[PDB]
C-alpha cells in the first residue's frame, strides 16, 4: 500500500497503513502526536467515528488563516510551526458527544499500559 512516499503532513492513515506507521507513536514529547486510542491507532480514517472527528480538522485555507504560524531553524533543520484553537458549536445536538469522542482519544495512549 504505497503512501509513505507522501510528505508526512499529507499522509492518510488507514487499516493498511495505520497512525503509527504514518505519524509515529503517541507520546508525551512535544514532537509526537498525542491523539488516538487503539482503535483509531489501528484504523485511522477507517475508524467508525473518523467523520465525526474530521469535521474539526481545518481546510488548507483555514489552517493558514486561523493558526499562529512559525518557522524554527536549528543547525540541522527547518520546521513550520503552528498552533490554534477551533470553537465547537455549543448549539449543535452532537456537542456533548463530540466532546466525549474528542476527550477519549486526546491523551489515550496514557491508559494503554
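Numbering follows the first chain given and starts at 1.
If you average the C-alpha B-factors over 92-100 and over 9-17, the higher value belongs to 92-100. Relative to one another, 83-91 and 48-56 have unequal mean CA B-factors, and 83-91 is the one with the higher figure. Note on the listed residues 70, 28, 65, 36: the highest Cα temperature factor in the record is that of 28. When the modelled residues of the chain are ordered by C-alpha B-factor, residue 43 sits in the middle third. Placement of the Cα temperature factor of residue 78 within the chain: highest third of the modelled residues, per the deposited record.
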